[PDB]
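There is one chain below, alone, in structure tokens, taken in the form deposited in one PDB entry.
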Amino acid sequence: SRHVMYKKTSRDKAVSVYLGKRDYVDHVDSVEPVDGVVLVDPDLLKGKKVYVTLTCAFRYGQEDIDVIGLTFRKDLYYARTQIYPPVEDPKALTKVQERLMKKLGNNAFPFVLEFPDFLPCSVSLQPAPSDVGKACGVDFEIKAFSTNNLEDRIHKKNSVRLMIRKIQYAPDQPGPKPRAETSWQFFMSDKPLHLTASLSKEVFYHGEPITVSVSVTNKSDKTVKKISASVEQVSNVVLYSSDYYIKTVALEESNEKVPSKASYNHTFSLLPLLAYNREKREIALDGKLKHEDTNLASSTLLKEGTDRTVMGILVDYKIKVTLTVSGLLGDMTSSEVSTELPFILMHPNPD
């Protein structure tokens, strides 16, 4: 039984919001709803009506939504539900809504705000210290407030705001094994540099090592000086500025030589975590850096022909294995050749 719960009271002692979670799982097929409870104080309400909202929104300039001096903002969703005076809709309470209701008492009014399937998940771009202002990403916010009319300035102490998150999971099995053969033919004649990278599965979760079986067969006269397997994260902003970023989030090298007429076989273990990329800036995270529950951003996925500008940021990951061949181009020069496999990265299934 989960004993933990998130709550915040409006600083006029009028409204108060109570959530079980802050992180809601997008299962691709469906999304977890925001089942919550709102407390009221009819005396201090002063005959004002109370509503609850759910706002998904892209921002650009600052970290959070509720901050002065944004460069751009574009709400991607809005909902509203009157909780007091209550439009009498006695729906079945969730097991979480029971826990929150009993403790409070009679002035506890449940609610359920739903999530669309066209929205992205939570994503944030931590900017470089110098380029502070490039900061952008998608945010989510539950908010409750007391009001009379529907077109009024909501006062400082009337409102109450909880920053929530949307995180993405999907099953990795049953799934195939991605493979990539490739054969470079430099020079006269037909003597190829064969490379063969492969994966065990297409989906991966934060914390999971990513095994890449490499298989080189060097028929050329020239030698392979280094072999290296990496995880690259590409980020594409698709609102306001539309910037582009790329980061190596994991890397493992092999300084072993692979000369002519030789063959190489090794399985690299790559582990892209934020832990080893804290110092790195201009990187796509699924939250704020200071928070502990933050990881690298999940793989964005676009269905059919959805408006790309909706997603806010497009994050994708790929494996990349790179051979560093001595000679090849130039009499005495080291050149590089690579081959890239894409994969999905997501948040693991919560307990």
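For every residue, the number given is its place in the sequence shown, counted from 1. Rigid core: the largest C-alpha set superposing within 1.5 Å between the two forms.
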Can you tell me which stretch has the higher mean Cα B-factor, 200-208 or 88-96?
88-96
Between 164-172 and 151-159 (mean CA B-factor, as deposited), the higher
151-159
Can you pull the Cα B-factors for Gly105, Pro259, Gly137, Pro272 from the entry and say which is highest?
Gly105
Max C-alpha B-factor within the set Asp286, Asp66, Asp26, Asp316 falls on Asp66
Lowest, middle or highest third of the chain for the C-alpha temperature factor of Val40?
highest
Can you tell me whether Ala297 has a C-alpha B-factor in the lowest, middle or highest third compared with the other modelled residues of the same chain?
lowest
Sorting the chain's modelled residues by C-alpha B-factor, tell me whether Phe115 ends up in the lowest, middle or highest third.
middle
When the modelled residues of the chain are sorted by Cα temperature factor, does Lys247 land in the lowest, middle or highest third?
lowest
Tertile call for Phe187 (CA temperature factor, within chain, third-based) is the highest
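The form deposited in another entry exists for this protein as well; it is not shown, and the discussion that follows is about that form.
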Which residue moves between this form and the one not shown, judged by a Cα shift of 2 Å or more on the rigid core: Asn255, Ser130, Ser189, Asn265?
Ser189
Fitting the rigid core first, would the Cα of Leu341 be found 2 Å or more away between this form and the one not shown?
no
Taking the rigid core as the reference frame, tell me whether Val25 has a CA displacement of 2 angstroms or more between this form and the one not shown.
no
Answer with closer or farther for the CA-CA spacing of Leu329 and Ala229 in the other entry compared to the shown form; it moves by 3 Å or more.
farther
A 3 angstroms or greater change in CA distance between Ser189 and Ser220 is reported in the other entry. Closer or farther than in this form?
closer
